[PDB]
Amino acid sequence: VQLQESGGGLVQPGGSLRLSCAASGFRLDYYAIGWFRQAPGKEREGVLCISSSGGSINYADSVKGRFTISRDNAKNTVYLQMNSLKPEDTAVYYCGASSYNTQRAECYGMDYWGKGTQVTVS
Amino acid sequence: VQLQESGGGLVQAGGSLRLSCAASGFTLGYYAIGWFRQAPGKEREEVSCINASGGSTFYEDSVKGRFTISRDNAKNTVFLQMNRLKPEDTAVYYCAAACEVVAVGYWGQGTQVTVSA
Amino acid sequence: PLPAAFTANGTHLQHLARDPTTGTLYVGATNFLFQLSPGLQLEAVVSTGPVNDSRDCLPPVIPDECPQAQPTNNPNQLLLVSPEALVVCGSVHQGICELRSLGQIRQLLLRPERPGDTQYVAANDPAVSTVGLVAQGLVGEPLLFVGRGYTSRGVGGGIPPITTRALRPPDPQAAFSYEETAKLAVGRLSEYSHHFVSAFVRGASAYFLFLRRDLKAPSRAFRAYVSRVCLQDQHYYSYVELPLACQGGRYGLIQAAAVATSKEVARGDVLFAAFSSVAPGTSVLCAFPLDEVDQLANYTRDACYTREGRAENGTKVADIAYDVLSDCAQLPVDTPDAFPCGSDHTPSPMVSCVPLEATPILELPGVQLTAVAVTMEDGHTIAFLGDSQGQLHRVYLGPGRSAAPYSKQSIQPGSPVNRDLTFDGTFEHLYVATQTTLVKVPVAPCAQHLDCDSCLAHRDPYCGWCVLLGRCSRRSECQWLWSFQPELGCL
Ligand SMILES: *[C@@H]1O[C@H](CO)[C@@H](O)[C@H](O)[C@H]1NC(C)=O
Ligand SMILES: *[C@@H]1O[C@H](CO)[C@@H](O)[C@H](O)[C@H]1NC(C)=O
Ligand SMILES: *[C@@H]1O[C@H](CO)[C@@H](O)[C@H](O)[C@H]1NC(C)=O
Ligand SMILES: *[C@H]1O[C@H](CO)[C@@H](O)[C@H](O)[C@H]1NC(C)=O
Ligand SMILES: [Cl-]
């Protein structure tokens, strides 16, 4: 059972970036998926979250209007579209799956995580 | 510890070919032994299967009627007699001490079988 | 007409346990433990998570000692009813357990204050299965047998795959621990890669079904095994394994199993096993008489005790299991009689080289089975089979026909059916669970059919047309015209 993020990089403010999270060893169909980030020296925090059906989405305040999330249950993949990036967005971005209240977009507790991918904004 | 395949080669469509899965330096156990093939650009697939006593044999529908599997305890070898060959039977052929692809944890190098029309 | 279902807002359901005295249902879910009436009405709820934890930290988890801690969900790993308590083990905190009151799950009976590495019971990874059973000791004390798959991304030495643990020891803070030799000693846990499917008690022994890799044979293959150990054997001297296969070795990966359960015989003596080509196509159902299991296990013990694990023709039929440095022996012929569960002079961890083989009683093309339940209605044998797409197949097995899949329904699309298929006390309903849904299915949907022609158009071994009453009904409510093989006609 594995989640693998990919697509990180180094952009300058105003840039865009698209991360992916691919699952292996299980099906994401009945799981909620969230994206988290942890900057050096600070604690991890939720960024975005989607329910199993995709009909419910929740955002952190600092990213509303800029980041979007979408899921593809057949490719076992979830995407995080990051727009209008800012230096405050520099962190390692993690993807996780939850078997808890999956009809909602809570994403408090998590079942599985990925190893993450680094995103740097000049 | 490991089985070795041999007997492959090139023939004409309609000819025969007997394959060999032999135990080098040990006796065949009571496990069922299966034959497999992997055509180029295709996933590995099952072909045949035989238990320890030789009482049970299984053939996939693609080879049922043409192939015959047998186990010789005195020679510590399982043979696959391949009759009425077709160009679609061109593949690398493998044998293992199991009859399902997903149960095998180690594969050998196989034997190449080419069939011209 | 009316149904009954239970859901938790999409929260996954892991395990299900029924109290045979009261009919109360206990449900283990992610971050929850539920107590339900026989009609699936909520009686009580306990929260079991989330918790700040890491599979690298040890309980108690001091937040300042675990800097890699993250909010972790707690899927249930073990849920068993014992005579005087409910046994609950989660995936968090190294798989520690606790006892709670039956009928009052909010009352904690026992949770040791500082568990040691001898009390890490269940698998601490929600993707790895834990199985268990509860039994009695020689003076009636409650014991817990656990089968646990490989996880190691945790701490200490790998927990043994099979252990025997005390539920009421002298010191309550030592509960759930195992004595030093009351376990299966295995070397390369990562390589054998145990995946447990089922566990059950028969006679005076405990049995486990599991997959593991056969490292000594060629091809490094996953195989199906059944194990047996004496309930009172505290050193696992009596341990023995047998490989299981079906259809001449074409099927060797077991997915789920069950014995027949009914009002008549509570636990039958034939093990119905589902095979599929899935590892961690067509499915088959095969039958393994438990007498044949004990017969081969007894022959394996005699051969390794007295003839160096070799048969009269000189053929190797048994050996020492796993990587234990030991050997079969030439003990006196009467050693099995004098020591049926072994001694410190007998070869222990034993494995049979000869497999137990069965023939398929049923084939299901394009279906991947995941759960099995079997019962008997008036001498006829009926199996309820769940698959990986969320469907529930009903099949007539014996004595006749046999290849009789007579019904199929969808419980939840694309969601595997849970192995814990449980019948109510009167075997009138089957509790069926997928990932996020628990449903109370009727075994005999007879009254749905109104006329004789309708009752006979939809053939069902439970159902048949009564003429004394205008009902299509079960046999044991009436002269009765069977829907499956009717004895007459219609008017
Ligand atoms: C589902 O959510 C509702 C609304 O928050 C809540 O009342 C109910 O307890 C939840 N059910 C379960 C089983 O958690
Ligand atoms: C196996 O041996 C035990 C003790 O030696 C005996 O009680 C049991 O009946 C035997 N079972 C079979 C199937 O022979
Ligand atoms: C030798 O005896 C064993 C006894 O179980 C039997 O299984 C085997 O077929 C016999 N012959 C061989 C092939 O060694
Ligand atoms: C849990 O532990 C982590 C790591 O020590 C800490 O960062 C976090 O704030 C804690 N979360 C709680 C107590 O909710
Ligand atoms: Cl072994």
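Excluded from the calculations below are hydrogen atoms, water molecules and symmetry mates; all remaining heavy atoms, backbone and side chain alike, are included. Order of listing sets the numbers, starting from 1, for every ligand and every atom in it. Below, chains carry the letters A, B, ... as their sequence lines are ordered, and counting in each starts from 1.
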Side chains of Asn31(C) and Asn74(C): donor-acceptor distance under 3.5 Å anywhere?
no

As a test of reading the model: which residues have a non-hydrogen atom less than 4.0 Å away from ligand 1?
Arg104(A), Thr7(C), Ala8(C), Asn9(C), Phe32(C), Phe34(C)

Carboxylate-amine/guanidinium proximity below 4.0 Å for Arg212(C) and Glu241(C):
yes

If you count the atoms of ligand 3 from 1 in the order shown, which ones are under 4.0 Å from a heavy atom of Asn73(B)?
13 (C)

Atoms of ligand 3 less than 4.0 Å from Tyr299(C) heavy atoms?
4 (C), 5 (O)

Provide the number and element of each atom of ligand 3 under 4.0 Å from a heavy atom of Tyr30(B).
3 (C), 6 (C), 7 (O), 8 (C)

Taken in chain and number order and not counting sequence neighbours, the residues that satisfy disulfide (SG to SG under 2.5 Å) with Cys353(C) are none

According to the interplanar angle, ranging from 0 to 90°, do the rings of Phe32(C) and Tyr100(A) count as parallel (below 30°), tilted (30 to 60°) or perpendicular (above 60°)?
tilted

Salt bridge check, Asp294(C) against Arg202(C): does any charged N sit closer than 4.0 Å to a carboxylate O?
yes

Kindly write out the residues that satisfy side-chain contact (heavy atoms from CB on, under 4.5 Å) with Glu191(C), not counting sequence neighbours, or none if the list is empty.
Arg188(C), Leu215(C)

Six-ring centre of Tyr106(B), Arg220(C) cation under 6.0 angstrom, axis tolerance 45°
no

Could you work out, with ring pair (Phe, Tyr, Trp, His ring centres under 6.0 Å) as the rule, every residue matching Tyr322(C), not counting sequence neighbours?
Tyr192(C), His194(C)

Which is it for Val354(C) and ligand 3 at heavy atoms under 4.0 Å: side chain, backbone, both or neither?
neither

Backbone or side chain, does any N or O of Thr315(C) fall under 3.5 Å from an N or O of ligand 3?
yes

